[PDB]
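Chemist: Okay, structure incoming, though there's no sequence with it:
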Ligand SMILES: [Ca+2]
Ligand SMILES: [Ca+2]
Ligand SMILES: [Ca+2]
Ligand SMILES: [Ca+2]
Ligand SMILES: [Zn+2]
């Protein structure tokens, strides 16, 4: 809506205090006018009609328990916006400062979050398996990144292309987490998963097999569940991504790590310039190798490390 830009303050899902950009027009709305064509956060009010109502607040103070998921969806959308702009020179998910809209309090006890083709959706979790999923910055950036992929490579959400789609989202989800530099790791969802259990997460990039996900192609899932295993076989690519950045020996293959930033540049370039809707794992290897060549030279350590990594996960 039309109004004046101001700055609110509140607490997120983890009890942390943060400022948020809002818009005043009788009420203070969760509308951030400082990023592109705006960031907009809505209340689905425990129902599943979307997007719901633009979040309105009377005093610009968001310290109510009900406010927390909105605070974080709004804030971490902004962090994710900042990451794509400052690091990859990318203006929102479509590259042309599309408005980023989020809805929270989706359904009742909804243990998930997603991008629905046009916006972000966040459940509150049932309080046992999950707390409000917008509490996880990797979760927020994971889903926003599906918006980026859909507008770029267009990787079809199934089988290998689908598993690449998922890995890409786990990759930048993680890089945005490190970018915010708050308890960063190579795990996914740990901030909001199983509040009653420490140390766990939905997935691990550094060791997929800790949750039963493959870390080698020869261990790939070929059934038809989970759209052919997109959240399973993603472990093979996540593992490769982890290796390129952090290095290691995996099934006897040594990888020289090149760090997060170079991982980020190679996979972004791959994502936006070489991958296509039907790309398979072998094709991703080729795209990554070419991105690193483009970026660092065919004789670079970088290109070599990319090859090592895909080698280690059995992807030729
Ligand atoms: Ca208030
Ligand atoms: Ca973390
Ligand atoms: Ca994480
Ligand atoms: Ca937990
Ligand atoms: Zn996903």
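Modeler: All right, it came through fine. Numbering: from 1, shown residues only. Ligands and ions are numbered 1, 2, ... in the order given.
Chemist: Please state the backbone phi and psi of residue 14?
Modeler: phi -90, psi 0 (degrees, to the nearest 10).
Chemist: so who does it touch?
Modeler: Counting by Cβ atoms under 8 Å, 6 or more residues apart in numbering, residue 14 touches 135, 191. Just so you know, the C-beta spots here come from the backbone N, C-alpha and C atoms, and that holds for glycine as well.
Chemist: so what's residue 107 up against?
Modeler: Here residue 107 is in contact with 44, 46, 47, 48, 123 (Cβ under 8 Å, 6+ apart).
Chemist: ok, how many other residues are close to the nearest residue to the last one once chain neighbours are set aside?
Modeler: To tie it back to what came earlier, the one meant is residue 123. In space, and not counting its chain neighbours, residue 123 is closest to residue 110: 2.7 Å by Cβ to Cβ, 6 or more residues apart in numbering. A total of 21 residues lie near residue 110 under the criterion other Cβ atoms under 10 Å.
Chemist: I'd say residue 185 and residue 177 touch.
Modeler: Yes - between residue 185 and residue 177 there is a contact under Cβ atoms under 8 Å: 7.4 Å.
Chemist: Which parts of the stretch 101-250 of the chain are helices?
Modeler: 137-151, 159-180, 226-229, 234-246 (DSSP state H, counting those that start in this stretch).
Chemist: quick one: whichever residue of the chain sits closest to ligand 3 from residue 6, how far?
Modeler: Nearest residue of the chain to ligand 3, counting by Cβ to the ion: residue 138, 4.1 Å away. Distance, residue 138 to residue 6, by Cβ to Cβ, to the nearest Å: 29 Å.
Chemist: Which one's more surrounded, these two?
Modeler: Set residue 138 next to residue 6 and count neighbours by other Cβ under 10 Å: residue 138 wins out with 29 against 13.
Chemist: What distance do you get for the closest residue to the more buried one other than its chain neighbours to residue 79?
Modeler: The shortest distance from residue 138 to any non-neighbouring residue, by Cβ to Cβ, 6+ apart, is to residue 173 (4.0 Å). Counting by Cβ to Cβ, the gap from residue 173 to residue 79 is 12 Å.
Chemist: Name the residues contacting each of these two.
Modeler: By Cβ under 8 Å, 6+ apart, the residues touching both residue 173 and residue 79 are 137, 140, 141.
Chemist: Residue 212: what's it in contact with?
Modeler: By Cβ under 8 Å, 6+ apart, the residues touching residue 212 are residue 232.
Chemist: need the contact list for the residue of the stretch 151-300 of the chain found nearest ligand 4.
Modeler: Using Cβ to the ion, the closest approach of the stretch 151-300 of the chain to ligand 4 is made by residue 194 at 3.4 Å. For residue 194, the contact set (Cβ under 8 Å, 6+ apart) comprises 128, 129, 130, 200.
Chemist: thinking residue 144 is in contact with residue 82, fair?
Modeler: No - under the criterion of Cβ under 8 Å, residue 144 is not in contact with residue 82, lying 11.6 Å apart.
Chemist: So for these two, which residue has more residues nearby?
Modeler: residue 144 (26 against 14).
Chemist: so what's the residue lying closest to residue 133 once chain neighbours are set aside bridging to?
Modeler: Excluding its sequence neighbours, the residue lying closest to residue 133 (Cβ to Cβ, 6+ apart) is residue 113, at 4.0 Å. With DSSP bridges as the criterion, residue 113 is bridged to residue 122.
Chemist: quick check: domain ranges of this protein?
Modeler: The chain resolves into domains spanning 6-154, 155-315 when parsed by curated CATH domains.
Chemist: any chance you could read off phi and psi for the residue of the chain found nearest ligand 2?
Modeler: Nearest residue of the chain to ligand 2 (Cβ to the ion) works out as residue 183 at 4.0 Å. Main-chain torsions, residue 183, degrees, to the nearest 10: phi 50, psi 50.
Chemist: What is the neighbour count of it?
Modeler: 11.
Chemist: was I right about it contacting residue 174?
Modeler: No - between residue 183 and residue 174 there is no contact under Cβ under 8 Å: 12.0 Å.
Chemist: before we move on, the earlier item: wait, what's in contact with the residue of the chain closest to ligand 2?
Modeler: With Cβ under 8 Å, 6+ apart, residue 183 has these contacts: residue 191.
Chemist: could you measure it against residue 201, distance?
Modeler: Distance from residue 183 to residue 201, counting by Cβ to Cβ: 12 Å.
Chemist: Am I right that residue 111 is in contact with residue 127?
Modeler: No - Residue 111 is beyond contact range of residue 127, at 9.6 Å (criterion: Cβ under 8 Å).
Chemist: more crowded one of the two?
Modeler: Taking neighbours as other Cβ under 10 Å, residue 111 and residue 127 compare with residue 111 leading, 17 against 12.
Chemist: In contact with the more buried one, which residues?
Modeler: By Cβ under 8 Å, 6+ apart, the contact set of residue 111 is 123, 125, 126, 129, 130, 133.
Chemist: same thing but 10 Å
Modeler: 123, 124, 125, 126, 127, 128, 129, 130, 131, 133, 192, 193 (Cβ atoms under 10 Å, 6 or more residues apart in numbering).
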